[PDB]
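Beneath this line is the structure, given in structure tokens, with notes to follow.
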Amino acid sequence: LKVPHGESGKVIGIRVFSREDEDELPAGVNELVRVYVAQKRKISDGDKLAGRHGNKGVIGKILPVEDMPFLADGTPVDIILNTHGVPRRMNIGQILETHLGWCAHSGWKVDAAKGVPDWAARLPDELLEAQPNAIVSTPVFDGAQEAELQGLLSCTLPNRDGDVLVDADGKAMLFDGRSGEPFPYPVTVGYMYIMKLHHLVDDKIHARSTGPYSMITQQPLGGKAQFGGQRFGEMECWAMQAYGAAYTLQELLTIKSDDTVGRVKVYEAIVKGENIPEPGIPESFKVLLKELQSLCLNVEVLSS
Amino acid sequence: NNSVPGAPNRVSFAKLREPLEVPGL
Amino acid sequence: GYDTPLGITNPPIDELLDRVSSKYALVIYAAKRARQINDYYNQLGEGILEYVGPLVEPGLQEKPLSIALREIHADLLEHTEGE
Amino acid sequence: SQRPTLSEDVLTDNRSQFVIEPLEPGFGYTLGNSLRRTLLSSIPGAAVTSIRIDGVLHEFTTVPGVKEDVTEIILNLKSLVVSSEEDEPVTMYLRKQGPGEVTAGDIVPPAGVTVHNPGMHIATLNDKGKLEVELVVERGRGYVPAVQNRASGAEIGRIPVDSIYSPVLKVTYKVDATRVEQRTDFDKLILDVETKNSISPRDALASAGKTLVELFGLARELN
Amino acid sequence: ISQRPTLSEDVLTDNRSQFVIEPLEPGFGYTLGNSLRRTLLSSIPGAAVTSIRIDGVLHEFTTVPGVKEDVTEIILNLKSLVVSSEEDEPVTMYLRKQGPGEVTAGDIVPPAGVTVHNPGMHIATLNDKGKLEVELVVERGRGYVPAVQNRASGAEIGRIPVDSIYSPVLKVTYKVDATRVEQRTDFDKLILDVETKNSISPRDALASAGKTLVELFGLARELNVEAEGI
Amino acid sequence: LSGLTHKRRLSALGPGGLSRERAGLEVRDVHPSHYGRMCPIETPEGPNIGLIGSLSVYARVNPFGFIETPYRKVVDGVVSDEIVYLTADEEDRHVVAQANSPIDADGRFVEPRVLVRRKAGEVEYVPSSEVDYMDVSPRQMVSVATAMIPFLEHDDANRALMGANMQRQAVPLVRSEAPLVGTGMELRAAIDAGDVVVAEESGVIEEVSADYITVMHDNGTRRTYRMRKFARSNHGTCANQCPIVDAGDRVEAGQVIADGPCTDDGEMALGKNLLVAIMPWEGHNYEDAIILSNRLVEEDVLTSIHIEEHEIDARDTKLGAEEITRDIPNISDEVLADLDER
Amino acid sequence: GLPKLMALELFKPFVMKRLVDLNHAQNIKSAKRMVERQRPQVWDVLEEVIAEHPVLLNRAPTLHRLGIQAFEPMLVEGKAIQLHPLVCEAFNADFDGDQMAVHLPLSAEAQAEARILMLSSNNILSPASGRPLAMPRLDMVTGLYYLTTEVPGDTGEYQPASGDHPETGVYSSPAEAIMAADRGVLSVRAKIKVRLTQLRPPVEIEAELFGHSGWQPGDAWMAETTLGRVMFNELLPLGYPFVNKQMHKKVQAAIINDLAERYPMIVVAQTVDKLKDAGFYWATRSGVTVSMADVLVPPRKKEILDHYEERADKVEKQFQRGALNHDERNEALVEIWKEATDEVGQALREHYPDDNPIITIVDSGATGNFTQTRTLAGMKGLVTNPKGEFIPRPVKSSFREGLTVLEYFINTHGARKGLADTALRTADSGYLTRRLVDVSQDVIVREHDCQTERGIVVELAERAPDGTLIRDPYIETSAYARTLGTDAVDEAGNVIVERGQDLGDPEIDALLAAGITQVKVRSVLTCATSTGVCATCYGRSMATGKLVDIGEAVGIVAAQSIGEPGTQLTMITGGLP
Amino acid sequence: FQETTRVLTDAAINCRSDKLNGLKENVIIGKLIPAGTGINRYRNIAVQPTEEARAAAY
Ligand SMILES: [Mg+2]
Ligand SMILES: [Zn+2]
């Protein structure tokens, strides 16, 4: 047994079951041994991410830390989201979630010397004074209203430098990492919860140039684990016909799927500098012949 | 009103009280 | 009368169509010449120079098909139609 | 009317402010951004490369007597900061036995290296177990994946660790413009930098300045 | 760390140029490009016109008598004139003609030092029995400065400040291209593009900009002593 | 969370049930009697839409098999603290009030007119006296997965369903962090999940270790809990437990002692907290694409662990029995340099 | 873009051959082993061996002709196949986990085939209609709209001579304007009077200022526009007349179509790439974001809602009288609430200024419609039911303010039904497309011309009894590319379009000018060819832009074109059935 | 397409010899499709450098 195509990592443990030690085993077996391989994966390109409001996405590019936009106090952001997808999908809740997350993270202190503001009438008496990295919870169908967020965003505790970053509306002034000059208009920022989906990229990526061939169908195996080639649907044949491309279709159907001698000869020619010889008769056609000749139907060729 | 003994404290925007705890899931 | 392109799109397609009757003929009209060029390269070590090498001076390790397309644009080849 | 610039320093506990002026209009932003970009990624440093834990064959396991497994201690050790004077892999030791706590100050560095934050908490030990860990300290710049040691083909007892050679932590700048109609139209740059205490801000600024000078020297030569 | 040296290539055209720097460490593409472009655009000293005068007109609403062109057209034509000066103080210059015909920059009498690098440039045309006298001042500076910054200037009759261009280069553009020096296959390839006036060559403008930038970063380097790669 | 949802799932197909083709399309739509029993949001995205629901938060199965739902009966316009459970038939035959309707602290209806749900698809204001039943909580119709999506009253049905389905596909990270904003049904959904141990009796911990813990009961009986470390999960991910207790603390009964995967101090944590910005940036975030800072990569903020699994067996054959052996015909020593003697 | 880990394993034989040629190994087995070990001596050969080697991409499942392109590979790190933004529409792909295969031609014949025919840059025009498909689609359009937008009373705008002060706002050349904008004294979008020198003026000014003598590079003329418009026009190919109007998506489509119909494909592709780059650069600085202060509630919605609820109560009392039945009550309620929703939407539109990001996005044709904005800010209104009839209970709140439990429960039905409808529609369209492809497999252009005379007559444009001429609303489809059967001689003896000359945009315009209404056009329906159809009858091709070439299959193209739009076909039914 | 047995029998009885015409059969066999670059009008082309090039090639 060998490691399949596209696996690596440490060997953490080995379990071996022996019939000598009076270990129950399936009938007709003597020694079944299983090996566990553990690999640590770091998030990379081609990985899925999505919040709790159903907004999927993929990592288009991972810029250096020195290139991302940074707040006026030098705090580079960690992720940038597109804006055209928010109003069309109509998931405005995530904007409120980001605002509330920023408010909770920065900590707030609502003024009360002159009395509770009208917008803060229903706030719990113990929720008027928070600390940095505070924790807040909004039960479904019963949470902070728009006025509550408006009031809270206007009383966030200042940074240790003495200045407040975001405005009342929640936007802030950034600085481009490439040009180095501030953007003409403010942008929204905040902390939003991000999960990690199971559709990783390492599982998907796969290549196959030459490898084991099936014995019953004479075709390359299938699947990433078996190191097999990809499928070629009939719609692809229709497309190739549409362009009028002929030799390409001939190769795809004959010289790279079935013809054994064709594969050997073309591989050798590529290894050398010789031109690729023309394909031959696909195995499918010859099998069809030798099978239809079995029904007493004399199928001639008429090469003339 | 943290039923469990030592759960982390996180004040909530509570306005209404539920008269029963969530039953065993 | 336009900016010089870069990549495999040089020479352009419309220029070539001015020479060949149709785009479907051009592909073979160039592939056969590329085959002849590859054959000449194969026999470069020793043999008969019946398959005259490239007409236009090639670049630094350019594919034979690129040479064929770049010399066809120079109107240096003659061909017969179907049979 | 026309004077060369001058750089002065305003000091604080660990983060220093640098003031540069007068600069021609519309030119402070680009200079500040260039300095910031060259500061956060091209400052040489040193950091742990690979560890060696006695009695342990790999990283996905534990060790009796400790409260957290190998992965947690590796994550904690990533925060360790060290400065290398020699340009070769040096070796340290960490031997602590019995109940109590193990901190960054329990390492016995060899000559030519130092640990500047002895207050870090690595882990804790129960009386049952002990601990002896050997770690390497190489000098590099930027950031390197841990897998670099995978291809070296060492023995089983070697565990790669990601290396992060960067003493700078945060940098920011603001421009104080003077857009009066007088020919005194200039801008004043206010650059602030903070370091991990491995090197003072002046050293990092000098290194970045030298890097940019050497890089731009290729253009001053007559073409 | 020596790493790999970065050589500056070059391409030539009538008056344009495409300077190429290859290869660069990942991320240094913009770090060079932006600052270098700004330095080239607003660092090189130069000379240009600042204000003009027309005794034949009291203000700017109307046009000078006996001339086909308009006052705004005259200002635009005279602004693009390329003037090189070697004297710091602002010197004057006079243009005078009589009778029908045209006027060219080369016909303007230059005082000592100042010179015009384009004598065939057109300014305007005169009809029969036409005349115009102008007294334009020339000053040396750097970069671009609008006439608004020169609004308050003593008291005169027909002083009409004009937006000057104190720079021999007027256009710059650059990009970044990926390159493969090793398995990293991410190294940047700066592609600069400059188009200067007739008073300087692109390569000498670039050398002066590099000189100025290196002198500027000499302050940063001088604070301490420490070396790096080539 | 995925395991809990699977345990709470309500299938509608399979043996003894209708097939996909014969099942009508109308059955896949909501019914005015679904309120309080089956969540209308949570549902698979695939073709099995509407055939797989989920119990409500407060739903309980009656001994016969008819789902119930708690209610407090208003006798004479005054709310009653005591609650009763009603089935579909009895619910239809009575008047059910609205939980969100304001109610005075003394149980008096401030509003004379209160909206109400009627026999089927009928809602209309009625005097504040004839009303008979009132709901318990506003969250009485949401599922367990959907109950922990903040600001669910602002999103769209399709978006809410998509987010609920996405929440069941997270991957356990190495260093989890509790969300800054999240409903109050996180810790409760984690304690009942079973993947977190908990003390049975209020005792005092004598010593703790990365592999096992020993708590001393107040009656003098010592007990030990063993925590599996780095054991392959049923779906290929990893599972671990890290005690969050110190030596010499009198831990009360019912207090979490260890945090399993996707947990932080006895509460669910399926992700991290990132600083987001909303703006198109050079088209790299074009059409749902995303850009990430290298700080996450170089700080293991979103680093996960996956454990593979392989097995080989040597079964007897008519031609003989196969045996695992270090030696192998025609192989260089380097290739087998890793195999041991066995 | 191709990941190196994939390209190296995909070009293994070529790399081995070229490497053994370079004497980095001794034999083939050693070369294969070294490639397996991936020594640093392989990367250079790998870069050298794929200089002009095309590859084939295929998004699964391919649907139409343009679903299989042929791009030049380029090495890049990572494990994701990079792609060009403007080709995603061809595959109808979304950058959210879609996966596509990658093939590779081996023989020297397949290389030329994929390099000439299947190349991406030669397929800008969709086969359905002779109009380009690869155009600014989603985001860069917003950037172009922002760049070309005009605003009054900006900083540095043009002003007239005010007594003793000159007239400011005139720049010698675009370079000076760019420098001024960089300095910070000229907004990118303001009224200016620049002096262009390398841009042909519009015909209205070209024929006047130069007296039709003909513009050439080096001729100056005083324009009146904004710097953004000049910067945009600089992207267009040289010689194109100046365009001086705000760039709505319709204007973008018209400009792109005109460029495609007047210039070769390569120039169109180059200008499209440059325009996309400019739009991406300028989209970021447009300042388009989302915040609570952006979605603004209507100011007086409460009064309108109260009045409509009072009228609803009136009709409720009318029903309580017992004169009316349930059906009449439902009709009255639905119509009343539809009117109320319309009024609230009108008020909301009247409220928002022209600065909110939502308004800027929706009005610029970037995406969405006003109904979504009304739902997000105004009223969601009545919602569908499982039976399809509108419930008598309307929602009185927007998503911003916050719904209630009952409203959400009622609303879920529409999403469920839409999901089911899409689920069935995809399969219906697939089956229809398969059948349509099956029926017409053996149609091919054999002969060059059948020299037949029967040509179907189509009314080009009707002449109004009172007006002079009205363009037919379907001339774009019936007679746009067909070959003219007979010359459409004007009333006089002059010939405006000669026999055989293919029709087109300029020729259609010329015919419209001549006032001709009835035209006989050569058509394929009456082809006299024994097998297939002659090339002349078929007429101008779609993807080529010229007459079809002999041997080209037409049946497959027609089947794909007719079957592709089957996905959106929904409900004597009027939908796909 | 359909009813393979009946059509096969009918063709066999008549000994219907059919040329490789059309696409579907020609792709089932594997021979070059008689469309696009497959028609005999283009499959048989002889191309050689013009005599002028050969005279001036060296
Ligand atoms: Mg998708
Ligand atoms: Zn015909």
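Letters A, B, ... go to the chains of the structure tokens in the order shown; residues in each chain start at 1; ligands are counted from 1 in the same order.
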Using only C-alpha atoms and all ligand atoms, what are the residues with an atom within 10 Å of ligand 1, set out as a ChimeraX atom specification? /A:56-57 /F:288 /G:92-99
Resulting file, chosen residues, N, CA and C atoms, as a JSON list (two decimals), in the first residue's frame:
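Everything below was put into again29.json:
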```json
[["chain", "number", "residue", "atom", "x", "y", "z"],
["A", 56, "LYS", "N", -21.28, 33.74, 0.64],
["A", 56, "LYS", "CA", -20.12, 32.93, 0.34],
["A", 56, "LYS", "C", -19.07, 33.76, -0.40],
["A", 57, "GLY", "N", -17.94, 33.12, -0.69],
["A", 57, "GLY", "CA", -16.88, 33.77, -1.44],
["A", 57, "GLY", "C", -15.66, 32.89, -1.50],
["F", 288, "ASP", "N", -18.15, 38.52, -5.87],
["F", 288, "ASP", "CA", -18.13, 37.70, -4.66],
["F", 288, "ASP", "C", -16.72, 37.25, -4.28],
["G", 92, "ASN", "N", -20.87, 31.86, -18.05],
["G", 92, "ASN", "CA", -21.90, 32.10, -17.04],
["G", 92, "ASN", "C", -21.43, 31.63, -15.66],
["G", 93, "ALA", "N", -20.13, 31.76, -15.45],
["G", 93, "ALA", "CA", -19.50, 31.29, -14.21],
["G", 93, "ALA", "C", -19.58, 32.36, -13.15],
["G", 94, "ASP", "N", -19.61, 31.97, -11.88],
["G", 94, "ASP", "CA", -19.59, 32.92, -10.74],
["G", 94, "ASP", "C", -18.36, 32.47, -9.95],
["G", 95, "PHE", "N", -17.54, 33.41, -9.47],
["G", 95, "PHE", "CA", -16.28, 33.09, -8.76],
["G", 95, "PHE", "C", -16.63, 32.67, -7.33],
["G", 96, "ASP", "N", -17.39, 31.58, -7.17],
["G", 96, "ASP", "CA", -17.78, 31.04, -5.84],
["G", 96, "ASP", "C", -17.74, 29.51, -5.93],
["G", 97, "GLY", "N", -16.56, 28.92, -6.12],
["G", 97, "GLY", "CA", -16.38, 27.45, -6.08],
["G", 97, "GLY", "C", -16.70, 26.71, -7.37],
["G", 98, "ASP", "N", -16.93, 27.40, -8.49],
["G", 98, "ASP", "CA", -17.14, 26.74, -9.81],
["G", 98, "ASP", "C", -15.81, 26.07, -10.19],
["G", 99, "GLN", "N", -15.82, 24.93, -10.89],
["G", 99, "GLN", "CA", -14.58, 24.23, -11.30],
["G", 99, "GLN", "C", -14.64, 23.93, -12.79]]
```
Protein and nucleic residues near ligand 2, 10 Å, only C-alpha atoms and all ligand atoms, as a PyMOL selection string: chain G and resi 445-455+522-530+532-539
What's the 8 Å shell around residue 280 (chain G), counting only C-alpha atoms, without same-chain residues fewer than 6 positions away, as a list in words?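 Using only C-alpha atoms, the neighbours found are residues 281, 282 and 283 of chain F; 139, 140 and 143 of chain G.
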Could you please select, counting only C-alpha atoms, the residues of chain C within 10 Å of chain G and state them as an MDAnalysis selection string? chainID C and resid 1:3 5 7:9 12:14 21:28 30:32 34:35 38 61:66 69
Okay, now the selection with C-alpha atoms, as a PDB file, in the first residue's frame?
```pdb
ATOM      1  CA  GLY C   1      -2.549  51.423 -38.050  1.00  0.00           C
ATOM      2  CA  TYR C   2      -2.814  50.180 -34.477  1.00  0.00           C
ATOM      3  CA  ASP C   3      -0.638  49.383 -31.483  1.00  0.00           C
ATOM      4  CA  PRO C   5       0.103  43.378 -30.175  1.00  0.00           C
ATOM      5  CA  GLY C   7       1.770  37.215 -27.439  1.00  0.00           C
ATOM      6  CA  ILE C   8       0.455  34.511 -29.761  1.00  0.00           C
ATOM      7  CA  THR C   9      -1.926  36.967 -31.469  1.00  0.00           C
ATOM      8  CA  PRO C  12      -3.174  39.290 -36.442  1.00  0.00           C
ATOM      9  CA  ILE C  13      -5.933  37.174 -37.985  1.00  0.00           C
ATOM     10  CA  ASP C  14      -7.458  39.639 -40.460  1.00  0.00           C
ATOM     11  CA  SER C  21      -9.337  32.087 -49.142  1.00  0.00           C
ATOM     12  CA  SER C  22     -10.925  31.076 -45.830  1.00  0.00           C
ATOM     13  CA  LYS C  23      -9.920  30.603 -42.209  1.00  0.00           C
ATOM     14  CA  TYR C  24     -10.614  26.867 -42.474  1.00  0.00           C
ATOM     15  CA  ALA C  25      -7.991  26.486 -45.211  1.00  0.00           C
ATOM     16  CA  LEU C  26      -5.398  28.581 -43.369  1.00  0.00           C
ATOM     17  CA  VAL C  27      -5.077  26.211 -40.410  1.00  0.00           C
ATOM     18  CA  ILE C  28      -3.981  23.327 -42.642  1.00  0.00           C
ATOM     19  CA  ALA C  30       0.107  26.552 -41.880  1.00  0.00           C
ATOM     20  CA  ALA C  31       0.128  23.177 -40.111  1.00  0.00           C
ATOM     21  CA  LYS C  32       1.619  21.426 -43.137  1.00  0.00           C
ATOM     22  CA  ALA C  34       5.029  23.579 -39.598  1.00  0.00           C
ATOM     23  CA  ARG C  35       5.295  19.828 -40.186  1.00  0.00           C
ATOM     24  CA  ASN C  38       9.871  20.147 -37.928  1.00  0.00           C
ATOM     25  CA  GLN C  61      13.771  28.781 -29.766  1.00  0.00           C
ATOM     26  CA  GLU C  62      10.398  29.560 -31.338  1.00  0.00           C
ATOM     27  CA  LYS C  63       7.825  26.882 -32.061  1.00  0.00           C
ATOM     28  CA  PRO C  64       7.745  25.858 -35.748  1.00  0.00           C
ATOM     29  CA  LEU C  65       4.075  26.811 -36.077  1.00  0.00           C
ATOM     30  CA  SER C  66       4.869  30.378 -35.025  1.00  0.00           C
ATOM     31  CA  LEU C  69       2.420  31.754 -39.359  1.00  0.00           C
TER      32      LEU C  69
END
```
Output as a PyMOL selection string the set of chain B residues within 8 Å of chain F, with distances taken over only C-alpha atoms. chain B and resi 4-8+12+17-19+22-25
What are the residues of chain A lining chain G at 6 Å or less? Count only C-alpha atoms, and put the answer as a list in words.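 Taken together, these residues fit the definition: residues 45, 46, 57, 58, 88, 169, 185, 207, 209, 239, 242, 248, 271 and 276 of chain A.
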DSSP strand (DSSP E or B) selection over region 253-464 of chain G, as a ChimeraX atom specification: /G:381,395,444,457-459,461-462
Please produce a file of the residues just selected, as a PDB file, in the first residue's frame, where the atoms kept are C-alpha atoms.
```pdb
ATOM      1  CA  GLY G 381     -45.862  44.911   0.045  1.00  0.00           C
ATOM      2  CA  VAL G 395     -46.334  43.640   5.373  1.00  0.00           C
ATOM      3  CA  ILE G 444     -23.786  22.089 -43.493  1.00  0.00           C
ATOM      4  CA  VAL G 457     -39.746  39.855 -48.667  1.00  0.00           C
ATOM      5  CA  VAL G 458     -39.640  41.527 -45.247  1.00  0.00           C
ATOM      6  CA  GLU G 459     -40.991  44.974 -44.387  1.00  0.00           C
ATOM      7  CA  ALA G 461     -39.586  50.023 -41.990  1.00  0.00           C
ATOM      8  CA  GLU G 462     -43.144  51.298 -42.313  1.00  0.00           C
TER       9      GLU G 462
END
```
Residues of chain A no more than 6 Å from chain F, counting only C-alpha atoms: send them over as a PyMOL selection string. chain A and resi 28-43+52-54+57-65+77-83+91+93+135-139+141+188-197
Which residues in region 41-175 of chain E does DSSP call alpha helix (DSSP H)? List them as an MDAnalysis selection string. chainID E and resid 41:42 71:79
Using only C-alpha atoms, which protein or nucleic acid residues come within 9 Å of residue 150 (chain E)? Drop anything in the same chain fewer than 2 positions from it, and give the result as a PyMOL selection string. (chain D and resi 181-182) or (chain E and resi 50+145-148+152-153+161-163)
Can you pull out every residue within 10 Å of residue 300 (chain A), counting only C-alpha atoms, but drop anything in the same chain fewer than 6 positions away, and send it as number ranges by chain? A: 289, 293; H: 17
Written file, previous selection with C-alpha atoms, as a compact mmCIF listing (two decimals), in the first residue's frame:
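Saved result, result_4.txt, follows:
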```txt
# COMPACT_ATOMS: atom_id res chain seq x y z
CA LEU A 289 -17.23 -4.81 -35.01
CA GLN A 293 -20.12 -9.96 -36.24
CA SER H 17 -24.15 0.18 -47.98
```
Quick one: everything within 8 Å of region 176-193 of chain E, counting only C-alpha atoms, minus sequence neighbours fewer than 4 positions away in the same chain. Send it as a list in words.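 Within the cut-off, the hits are residues 16, 17, 18, 19, 20, 21, 22, 23, 24, 25, 26, 27, 28, 29, 30, 33 and 172 of chain E; 40, 43, 75, 76 and 77 of chain G.
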Could those selected residues go to a file with C-alpha atoms, as a tab-separated table (two decimals), in the first residue's frame?
```tsv
chain	number	residue	atom	x	y	z
E	16	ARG	CA	9.39	59.33	-25.38
E	17	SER	CA	11.00	56.41	-23.53
E	18	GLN	CA	10.14	53.20	-21.68
E	19	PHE	CA	12.66	52.59	-18.92
E	20	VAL	CA	12.44	49.08	-17.45
E	21	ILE	CA	13.81	47.85	-14.12
E	22	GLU	CA	14.06	44.09	-13.73
E	23	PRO	CA	13.92	42.14	-11.42
E	24	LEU	CA	12.71	43.56	-8.09
E	25	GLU	CA	11.88	41.96	-4.77
E	26	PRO	CA	8.16	41.18	-4.31
E	27	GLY	CA	6.28	44.34	-3.39
E	28	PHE	CA	9.00	46.85	-4.31
E	29	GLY	CA	7.38	47.53	-7.69
E	30	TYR	CA	4.98	50.20	-6.47
E	33	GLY	CA	7.20	53.40	-9.21
E	172	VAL	CA	4.78	60.09	-16.54
G	40	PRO	CA	15.52	23.72	-9.34
G	43	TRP	CA	11.62	25.56	-13.75
G	75	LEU	CA	2.64	30.40	-14.53
G	76	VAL	CA	1.41	31.71	-11.18
G	77	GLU	CA	1.58	30.45	-7.61
```
Return as a count of residues only the residues belonging to chain D that are within 7 Å of chain F, counting only C-alpha atoms. 5
Write out as a ChimeraX atom specification every residue belonging to chain C that has an atom at most 9 Å from any atom of chain H, counting only C-alpha atoms. /C:24-25,27-30,32-33,51-52,54-56,75-83
Set the distance at 7 Å and use only C-alpha atoms: which residues neighbour residue 117 (chain E) once local chain neighbours fewer than 4 positions away are removed? I'd like the list as a VMD selection string. chain E and resid 82 to 83 198 to 199
Take the residues from that selection and put them in a file with N, CA, C and O atoms, as an mmCIF file, in the first residue's frame.
```
data_model
loop_
_atom_site.group_PDB
_atom_site.id
_atom_site.type_symbol
_atom_site.label_atom_id
_atom_site.label_comp_id
_atom_site.auth_asym_id
_atom_site.auth_seq_id
_atom_site.Cartn_x
_atom_site.Cartn_y
_atom_site.Cartn_z
ATOM 1 N N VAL E 82 8.536 76.915 -24.542
ATOM 2 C CA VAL E 82 9.579 76.312 -23.719
ATOM 3 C C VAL E 82 10.692 77.337 -23.564
ATOM 4 O O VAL E 82 11.322 77.742 -24.546
ATOM 5 N N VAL E 83 10.934 77.758 -22.325
ATOM 6 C CA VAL E 83 11.948 78.756 -22.006
ATOM 7 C C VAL E 83 12.886 78.169 -20.964
ATOM 8 O O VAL E 83 12.433 77.644 -19.939
ATOM 9 N N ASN E 198 11.497 69.705 -24.781
ATOM 10 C CA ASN E 198 12.722 69.765 -25.566
ATOM 11 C C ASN E 198 13.917 70.257 -24.761
ATOM 12 O O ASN E 198 15.039 70.251 -25.282
ATOM 13 N N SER E 199 13.712 70.679 -23.516
ATOM 14 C CA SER E 199 14.773 71.251 -22.697
ATOM 15 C C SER E 199 15.550 70.211 -21.897
ATOM 16 O O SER E 199 16.498 70.579 -21.196
#
```
One-decimal distance in Å that lies between CA of residue 52 (chain F) and CA of residue 198 (chain A): 21.8 Å
Check: which chain A residues lie within 10 Å of chain E using only C-alpha atoms, as number ranges by chain: A: 63-64, 66-67, 177-180
Based on the selection just made, write C-alpha atoms of those residues as a PDB file, in the first residue's frame.
```pdb
ATOM      1  CA  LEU A  63      -1.858  40.551  -0.469  1.00  0.00           C
ATOM      2  CA  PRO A  64       1.165  41.228   1.755  1.00  0.00           C
ATOM      3  CA  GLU A  66       2.287  45.922   3.907  1.00  0.00           C
ATOM      4  CA  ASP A  67      -0.178  46.464   1.031  1.00  0.00           C
ATOM      5  CA  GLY A 177      -1.237  50.935   0.744  1.00  0.00           C
ATOM      6  CA  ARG A 178      -0.022  51.238  -2.846  1.00  0.00           C
ATOM      7  CA  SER A 179      -0.490  54.907  -3.745  1.00  0.00           C
ATOM      8  CA  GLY A 180      -0.079  56.025  -0.135  1.00  0.00           C
TER       9      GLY A 180
END
```
Rounded to one decimal place, report the CA of residue 330 (chain F)-CA of residue 223 (chain A) distance in Å.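 CA of residue 223 (chain A) lies at a distance of 29.5 Å from CA of residue 330 (chain F).
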Length of the CA of residue 72 (chain D) to CA of residue 126 (chain D) vector [Å]: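 Those two atoms sit 16.3 Å apart.
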